[PDB]
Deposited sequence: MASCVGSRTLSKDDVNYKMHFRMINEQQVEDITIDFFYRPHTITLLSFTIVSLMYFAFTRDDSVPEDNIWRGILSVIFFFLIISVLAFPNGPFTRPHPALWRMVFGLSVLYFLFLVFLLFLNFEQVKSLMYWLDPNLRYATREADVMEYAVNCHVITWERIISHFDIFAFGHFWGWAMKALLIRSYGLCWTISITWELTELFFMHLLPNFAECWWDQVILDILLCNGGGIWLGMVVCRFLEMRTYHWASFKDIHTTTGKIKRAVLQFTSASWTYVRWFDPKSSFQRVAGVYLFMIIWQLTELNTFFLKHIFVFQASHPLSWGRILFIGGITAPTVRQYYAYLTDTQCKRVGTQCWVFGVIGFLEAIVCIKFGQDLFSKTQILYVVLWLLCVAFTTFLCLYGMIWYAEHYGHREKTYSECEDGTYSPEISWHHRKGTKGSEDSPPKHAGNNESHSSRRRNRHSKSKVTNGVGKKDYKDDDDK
């Protein structure tokens, strides 16, 4: 009796908490209502939603994940209709402290004269972005499960930062920062650790090696767009990278992406079951809607964009993806 026990105990707890508590404070009432709606939507998701491609930890968890994905998609569909003032008011209601917050890029100097080696600057890098790079790349290596594709994405993200450096003037990094730290160390160790963990724990290791020439390219484009919507949202709706919104969205996207990459790999070379399911389309639409919301609400960064780089980073990502695919095919063929 799964549904019988799951939809009769929670209902009793719901009616108990509804009757026993007070109802004077209106905003607290609205917050409790939102929390209960989210909880019961997760329950309905566990009850009636497709299982998905993963069944190891629990088949029910990847139904709560689909429910969260649908909730975020509908939240973006809603947020697409408000104006800037209403979205800012909603942000202030979520956290009042966001009322007093300045952009990390409005008043700050990046890519300063970079020849110095004094320890005053080097040790002050592990604050936020180094932790983010390292452990986020461990998570991404768990999602991707490859040394080739992970390193390709790590190399492509630096090109993306370089090309989109005229909109958000914080992607500007010292040349001895991108190549040394962000690539060789801060991400290299992260990929190494993520793959060592993926091998220790009994997981698989995808290969990605026709239709793959364009499939992997579309995958790379969606990946870069989703990794860029983070900074777009952080810059349009002002807040910091430490506010719970930023890393909350990061962890949520990692969770939603864990089954999406598997479904896309299944639709890719398996010579078997294909026609990628719903979760992949929902994730693609989530990425597209985040991009659309950024383009709509910002309208000031993209006012000064250049179409000489938006259509050139595409070609650079395409060349990087083709070279990575050929290198992986050669490594698999000769070894």
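Trainee: Write out the missing regions of the deposited sequence in sequence order, one range per stretch.
Mentor: In the chain as deposited, 1-39, 249-283, 410-481 carry no coordinates.
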